[PDB]
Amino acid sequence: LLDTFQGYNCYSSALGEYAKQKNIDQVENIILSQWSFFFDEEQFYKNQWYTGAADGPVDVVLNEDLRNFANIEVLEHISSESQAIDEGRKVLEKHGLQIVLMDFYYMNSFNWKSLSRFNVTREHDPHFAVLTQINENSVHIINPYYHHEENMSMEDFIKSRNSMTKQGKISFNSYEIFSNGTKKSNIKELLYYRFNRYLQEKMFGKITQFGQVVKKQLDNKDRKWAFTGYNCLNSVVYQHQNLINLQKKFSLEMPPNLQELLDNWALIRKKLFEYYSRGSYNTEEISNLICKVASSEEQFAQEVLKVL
């Protein structure tokens, strides 16, 4: 396990890791001060990632934050098999790193056997990685979200970048952090804007919506939603941990229950994974935990604005 920038999702992890290694200001703090929740009932039924901090794979709200606060643009480069590796060589020669979108079917990000899950289903899911080396027959990629690295055959790497996925066709997509005129933001300004937006957009109500949809799964013999939800909600745990770390680094005023809320989300994740794998009939219990944390998060956001 590498000491990679965690961010709160694969996209923000890759952007932050790049910024960390290349000394690009503001990107890390804008990521670490995100405060967000979404729920898409239509994605729930298609077994797509349907909740957590942000829709993806690209975090468009984070891109808007990066433009608004730092005048930083994350440029999407599409390419072709004829040009992509050569463009990669030019980017590595200049910058040493390239942010790429890859089909994670073709790599082994996370050790499921750590949670006693041995039936590790391969899925055509797009995730972000950082390319660090191009050799003749192989590449080295860092998966900062999962703290993993691997060497991949050039054949496999090319397949991972031209693949049809659940969320659409990858075409050698790469992502360039760019600015023609940067801006500095203070951490309290970033948090103020995020917490006001969280309350204005009633993001806590999307947690209640999620809880209500969980209550309605009592008769659903397909428990895959609970696994997807488990994976989706790591982003929320990471935001809570990131805010705890910001509190410490910047000696911030926080409401006193931030750790309790992190614990509440970790317990919801544990119960979702146990429901998925252990055949319990506790959708009502999990629904009740989610609806409880929704109320707690609304109050927490109000209190952050009072004390920040």
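The first residue of the shown sequence is 1; numbering continues from there.
- Of the two segments, 245-253 and 269-277, the one listed with the higher mean B-factor is 245-253 (C-alpha atoms only).
- Between the stretches 23-31 and 39-47, it is 39-47 that shows the larger average CA temperature factor.
- Within the group 159, 77, 223, 188, the record's highest C-alpha temperature factor is found at 159.
- Comparing the C-alpha B-factors of 105, 145, 193, 210 in the entry, the top value falls on 105.
- Among all modelled residues in this chain, the alpha-carbon of residue 1 has a temperature factor (C-alpha) in the highest third.
- Sorting the modelled residues of the chain by their CA temperature factor places residue 197 in the lowest third.
- When the modelled residues of the chain are ordered by their C-alpha B factor, residue 183 lands in the highest third.
- Looking at the C-alpha B-factors along this chain, the one for residue 92 belongs to the highest third.
- When the modelled residues of the chain are ordered by C-alpha B-factor, residue 229 sits in the lowest third.
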